[PDB]
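Here we start with a single chain on its own, the form deposited in one PDB entry, put down as structure tokens.
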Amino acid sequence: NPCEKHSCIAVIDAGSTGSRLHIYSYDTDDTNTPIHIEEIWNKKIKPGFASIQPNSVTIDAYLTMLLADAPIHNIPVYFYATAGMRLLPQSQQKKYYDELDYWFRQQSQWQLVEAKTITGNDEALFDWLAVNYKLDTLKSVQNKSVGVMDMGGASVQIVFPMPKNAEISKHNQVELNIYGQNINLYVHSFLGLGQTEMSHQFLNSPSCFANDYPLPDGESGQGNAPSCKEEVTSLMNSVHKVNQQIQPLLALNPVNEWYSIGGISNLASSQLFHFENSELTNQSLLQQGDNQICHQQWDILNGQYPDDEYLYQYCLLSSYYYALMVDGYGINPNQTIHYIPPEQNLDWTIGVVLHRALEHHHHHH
């Protein structure tokens, strides 16, 4: 019974593809900042909260499915929705939260702190805090710059150390004080550039699918990762101006180690790829995707890798990740990108556990 010996908190990541409940036990240091954070419960359900009908019956069944069987209920809960909910009209988001708030008003133990759609900049902050907590890089001032990417279904986040810059929007910068050190981060989220939303722009692009894959328009895949990559790069740069926004900042504030969470782990774990030590390079990702996936016959691939979820998109996703990281962020194709092993299902939720403590009894900072 860990919550009889430690503080405990529930954090729900309500993302575009599903909601994942975490309960963490933790202790605190001399400034009442969480340490010894341990996950004691993890439950995920599908589909995304923004994808279910926003009526009482459906939302009530979904929250019961997510929460009722948790081992401890008398604890603070944060329900934070991300890019899936950001895509909806305000009226629709309000209907979801009104029904969710009603559901919690009928719960006598759960302590609902907040339920809301967070900005992609908050999500990026929590991404960086969660990964650095796990890497054990927060307790002391670092030799090296650690950058984090989160590759979601609807948005993608990038976040890295950068000194305050009064020429850049206040919304894209965060200063915090944690474990005795002052940290200044650049944060950005690109809504629409998550894998699900991006893919809906390229489904009839033959270069983005394995040979003979049946495209929606009745034509056939004819995969070519470099060509698909160039198409996705036009969405990255001509549309979203990722290069113009990110490249000059990384040039001035280089990152020594890149970590990624989200969907790269799922792709890179395919047996179609040869990666070791839970790390890849963009050049190897694009080359392997081109040679083993894009240029292979669809029917053969399909039968040969039967456990590979969204295998039909692996030519597209190899090309898209390279477009995003290389052509968008300007990362060198030969630079190592660490991905957190998929078994961990690491998300940003530990960031909430840490962040909520940093202002103590100041309520409006």
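One rule holds for the numbers: they count along the sequence shown, beginning at 1. We call the rigid core the largest set of C-alpha positions that still match within 1.5 Å between the two forms.
The form deposited in another entry is left out here; the points below concern that form.
Quick one: core overlaid, is residue 37 moving 2 Å or more at the Cα between this form and the one not shown?
-> Where the cores coincide, residue 37 shows only a C-alpha shift between this form and the one not shown that is less than 2 Å.
Core-aligned C-alpha movement of residue 27 between this form and the one not shown, 2 Å or more = No, because once the rigid core is superposed, the C-alpha of residue 27 moves less than 2 Å between this form and the one not shown.
So, does residue 53 move by 2 Å or more at the CA between this form and the one not shown, with the core held fixed?
-> Shift of 2 Å or more: yes.
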